[PDB]
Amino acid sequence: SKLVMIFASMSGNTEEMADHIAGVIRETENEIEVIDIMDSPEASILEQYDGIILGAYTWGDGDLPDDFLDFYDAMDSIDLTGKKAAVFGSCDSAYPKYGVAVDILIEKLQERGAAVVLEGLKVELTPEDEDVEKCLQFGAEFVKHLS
């Protein structure tokens, strides 16, 4: 199957997670295109993939990264019925609205008809060894839902 991952990372923590998850998926008989939100992908591309993984840190007052805002708006016009999806991100418990960008992106995927097949994966700041193993389990469990 053909998969897409779109991630946002300012300081590198969510990108570390993205690279682990994608590297695990690449050891299966599936292809994945990993795209940084800074490179301005259009949301319509999500319609062309069998599975979708989004990654995002949380910013400001429990908001999406600034660079995700246009893409998020454009998601109101796409049809994701049938697709398998999941979301991850790095987080900081110095903030009350912890990792809520993950929850916001999950909600939007649900609204557009995607089957969200995993709980959101939240890691505190830079992954430690146990967090890295959680990234491996996320990728392995995601693939199981593909046909």
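The numbering used is simple: start at 1 and walk along the sequence shown.
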Q: Higher average CA B factor in the deposited record is what I'm after, so tell me if that's 77 to 85 or 96 to 104.
A: 77 to 85
Q. Mean C-alpha B factor from the entry: is it higher for 5 to 13 or for 128 to 136?
A. 128 to 136
Q) Of the choices 35, 53, 43, 56, which one's C-alpha carries the largest B-factor in the record? A) 43
Q.
Can you tell me which of 65, 120, 113, 62 has the maximum CA B-factor listed in the PDB entry?
A. 62
